[PDB]
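Asker: my sequence and its experimental structure, below.
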Amino acid sequence: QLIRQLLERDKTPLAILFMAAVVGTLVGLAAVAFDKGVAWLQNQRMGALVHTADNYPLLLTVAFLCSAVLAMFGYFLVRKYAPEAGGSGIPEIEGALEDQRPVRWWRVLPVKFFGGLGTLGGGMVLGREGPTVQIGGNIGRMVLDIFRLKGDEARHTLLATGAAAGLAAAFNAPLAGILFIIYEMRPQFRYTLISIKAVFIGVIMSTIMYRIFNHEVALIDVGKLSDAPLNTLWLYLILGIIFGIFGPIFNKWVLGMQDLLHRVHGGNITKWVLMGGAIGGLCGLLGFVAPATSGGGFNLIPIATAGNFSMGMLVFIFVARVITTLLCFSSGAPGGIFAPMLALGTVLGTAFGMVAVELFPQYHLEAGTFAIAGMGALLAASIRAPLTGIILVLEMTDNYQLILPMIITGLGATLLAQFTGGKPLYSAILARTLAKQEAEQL
Amino acid sequence: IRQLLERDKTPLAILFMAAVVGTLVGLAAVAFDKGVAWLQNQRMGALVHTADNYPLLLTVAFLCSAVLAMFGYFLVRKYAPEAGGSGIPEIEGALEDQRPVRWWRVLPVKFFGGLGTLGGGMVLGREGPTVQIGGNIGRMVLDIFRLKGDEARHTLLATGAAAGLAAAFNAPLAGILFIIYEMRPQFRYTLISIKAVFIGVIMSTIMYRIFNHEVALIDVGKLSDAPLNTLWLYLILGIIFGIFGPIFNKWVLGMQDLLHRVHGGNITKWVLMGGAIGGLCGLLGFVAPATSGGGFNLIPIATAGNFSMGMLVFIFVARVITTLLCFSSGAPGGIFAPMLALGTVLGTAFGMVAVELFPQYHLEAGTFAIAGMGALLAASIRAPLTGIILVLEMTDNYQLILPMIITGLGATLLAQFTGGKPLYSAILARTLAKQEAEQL
């Protein structure tokens, strides 16, 4: 026939495109088994809090010793077995695509899936996209060892497939794992057009294989809000300057708290997992006396957008939240920072709307329509990926009408986070740990 | 207090004048969207003396669409021969410093010649004459204002190619994703040139939503959902578009030389094969208004179950024929929009087969018309991430964001397997090959 000898004349891209369909199945399993392990521990922690609900001094202790032993175990697997399994994964699947950081598929996966569950099920303010990309990247290398595929354009197209299979299966946004790994993250490499179709395959087969088990489950349920009038759109630029100034100060604070939480222990392992037990048990203690300033962050985004918080409470879920967010990502725990910054951005958003209601009453603006244009304005001024933050809150909130103010608060964030000495958060951590690798080598 | 502004004297001038290309395109993309709509109603206003004498008075739909046809085939073939086609080849070829930009010649013939032979009833889109009008205003503000450099005429030109693409679709994301990333995807834009495309797109969608307010250009509404047990049906639709990718690409690069033989470059014979294509699709604008038409007139009709299967092999056979005649001749009109209303006809022709072959799926026929809309665009132009968000901004169906990647994948993968270049880099490669042959 004709298709017989034609489908084998190249045989190199047809194998690495089928290998991107066995990665997205494997990461899509590892994104829904990691999700059903973090939704079970939170359904077992609160099932033990309300069981023996008699003595209130016993309530705070059992909310502490049930999150300390998940933090004393979550920090234990990281800084003993696989020390690159700390923090997010995006600083470690950026140098690994740049051929600077090695990928240990046999070591990150038994740590990021198990020890990354205790620092997520323990009530800490960490994202479930960090421990899904770094599992996904360390799965896209696993299929090049069990199948023994070789090459320099074959290791970089499956390491970016699983890195896109971890972001498009932890947020259920198949246009935010494609728009991040290809274009916005590493804005100097291009992924010539056989390496994008292996990102497209590993996102399709990692959202289909994610929506099979995690079906009829809402992750963001803000509803359908109003629209942004054209005499209101200049108030989204001042929201950009607020986020664009707070961006590089928050970007310096996480890199500044890594000089304090690394200087309290000195380097010892027994001083480190007990520091995690006193910082991952506090966020399991704060999740019972004030549940807004804890958790993964996806609990208050349909709440703060509804405007049920007052202005006196909206500072409390920003002052006692950015202190708590800096104490779980910059403290060396396995966990991302998008879902913290997707809730740290929606608090400052709706705190700008309730100011704009009383200050400008003639505009008739909704107090929560800045909380949809506030989520994708803090990770566009710290990570500096503005087109991801627009097409991450579109697949979650499903609000098409705020497509023009999302760029006004997206441009205004990323313009002041470059003028005022800014730096990308997911490109200044990798450039910082590479200096320590150049220090212990010499 | 003082160093923060004088150090940013020059690099901020491409961030303030990027709001001038944004503003002046939004005032020239709504004087274009109204001029293409004012000239349409004057044709239908003169067709009220036709229903009594339909054989003899049929020429009113034919001659009045041919006088306006020879006003766009004459301003282009005499005053500015680089404003023919779709413009985006002559903008991409000018973003690499290979093609010259004549803003003193393109703008008086892409807005005047691009209004007659786009508002006369052609089968062209209104973003080809909006990107190149946008990609000349970004050169208009650079010659009349005292600024220069190597990254200044590649940023104001690259925020003009995005201010026109975002003010011709009401899509503030399909103009950003095309120019920076999807068009020529081996070039890296500077971080001050990406955030100057953002100011051009924002202040052009603002100057478009002020005039054309509370009106959606695609009114499909909210369609049904796509279950996970029928998602392979949006892949065989991609394979059918993937073979039709380099076949429609070979036809439009074949009929450009096939139509070139009938006049041979003589100016008085261009407009006779240019007036007989405007007069044909003006007569087709009264006999069967789904055969002709510049795109969006038949997209809300041929999606929510109106046309039968016996008619959708006529709005695809006789529409491809009048698409390869209106754009491959040399009219001032883009092809980015008449591939939306051509992949949604074959897309809904695949939807009315799957509902007949698979009764167990409970599939609406219309959910294959949104996936097929950004499929032929992702097969012949091969920008598979603009054509997903472009249909997302207009048709507003966020439920079908997973099938639009699958039909987006299969249309850009099988087109790469059989062998096919992007369309806006293949017409440019023929023009740059014709440039070296004309001087020798």
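Answerer: Good, I have the coordinates. Residues are numbered from 1 along each chain as shown, chains lettered A, B, ... in the order given.

Asker: please name the nearest non-neighbouring residue to the residue nearest the centre of chain A.
Answerer: In chain A, the residue lying closest to the centroid (C-alpha atoms, centre = their mean) is residue A:338, at 3.2 Å. Leaving aside its chain neighbours, residue A:338 sits nearest to residue A:127 (4.6 Å; criterion: C-beta to C-beta, 6 or more residues apart in numbering or on different chains). All C-beta atoms are positioned from the backbone trio N, CA, C, and that covers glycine.

Asker: what does the helix or strand hosting residue A:30 contact?
Answerer: Counting by DSSP states H and E, the element that carries residue A:30 is helix A:13-32. Contact partners of helix A:13-32, identified using C-beta atoms under 8 Å, 6 or more residues apart in numbering or on different chains, comprise A:7, A:113, A:132, A:135-136, A:139-140, A:142-144, A:147, A:149, A:154, A:157-158, A:161-162, A:165-166, A:169-170, A:194, A:197-199, A:201-210, A:213-214, B:413.

Asker: chain center to that helix, what's the gap?
Answerer: Average the C-alpha atoms of helix A:13-32, do the same for its chain, and the two points are 21 Å apart (C-alpha atoms, centre = their mean, to the nearest Å).

Asker: might you report the residue contacts of residue A:411?
Answerer: Taking C-beta under 8 Å, 6+ apart as the contact definition, residue A:411 lies against A:240, A:386, B:195, B:198-199, B:202.

Asker: who in the stretch 51-200 of chain A is up against chain B?
Answerer: Applying C-beta under 8 Å from any C-beta of the partner chain, we find that the stretch 51-200 of chain A lies next to chain B at A:174-175, A:178-179, A:183, A:187-188, A:190, A:192-194, A:197, A:200.

Asker: among these, who's most crowded?
Answerer: With neighbours defined as other C-beta atoms under 10 Å in any protein chain shown, the most crowded of these is residue A:174; it has 28 neighbours.

Asker: and that residue, which of the three is it?
Answerer: Local secondary structure at residue A:174 is given as coil here, using DSSP: H, G, I helix; E, B strand; the rest coil.

Asker: please, which helix or strand holds the closest residue to residue A:365 other than its chain neighbours?
Answerer: Nearest residue to residue A:365, sequence neighbours excluded (C-beta to C-beta, 6+ apart): residue A:232, at 5.2 Å. Element membership for residue A:232, per DSSP H and E: none, as it lies in no helix or strand.

Asker: can I get the helix holding residue A:30 as CSV, trimmed to CA atoms?
Answerer: What follows is helix A:13-32, C-alpha atoms only, in CSV (Å, rounded to 0.1, in the frame of the first residue of the first chain):
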residue,chain,number,x,y,z
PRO,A,13,9.1,12.1,15.6
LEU,A,14,6.4,9.4,15.5
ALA,A,15,7.9,7.7,18.5
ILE,A,16,8.4,10.9,20.6
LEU,A,17,4.9,12.0,19.8
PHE,A,18,3.5,8.7,21.0
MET,A,19,5.8,9.0,24.1
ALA,A,20,4.0,12.3,24.8
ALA,A,21,0.7,10.3,25.0
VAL,A,22,2.1,7.9,27.6
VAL,A,23,3.5,10.8,29.7
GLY,A,24,0.2,12.7,29.9
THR,A,25,-1.6,9.5,30.9
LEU,A,26,1.0,8.9,33.6
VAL,A,27,1.0,12.5,34.8
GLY,A,28,-2.8,12.6,34.6
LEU,A,29,-2.8,9.6,36.9
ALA,A,30,-0.3,11.3,39.1
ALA,A,31,-2.3,14.6,39.1
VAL,A,32,-5.5,12.9,40.2
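
Asker: ok so, going back, any chance of the residues of the stretch 51-200 of chain A next to chain B in TSV, plus secondary structure?
Answerer: What follows is these, written out as TSV (three-state DSSP):
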residue	secondary structure
A:174	coil
A:175	coil
A:178	helix
A:179	helix
A:183	helix
A:187	coil
A:188	coil
A:190	coil
A:192	coil
A:193	coil
A:194	coil
A:197	helix
A:200	helix
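
Asker: and the furthest pair within the residues you listed?
Answerer: Longest distance between any two of these is 24.6 Å, between A:174 and A:188; criterion C-beta to C-beta.
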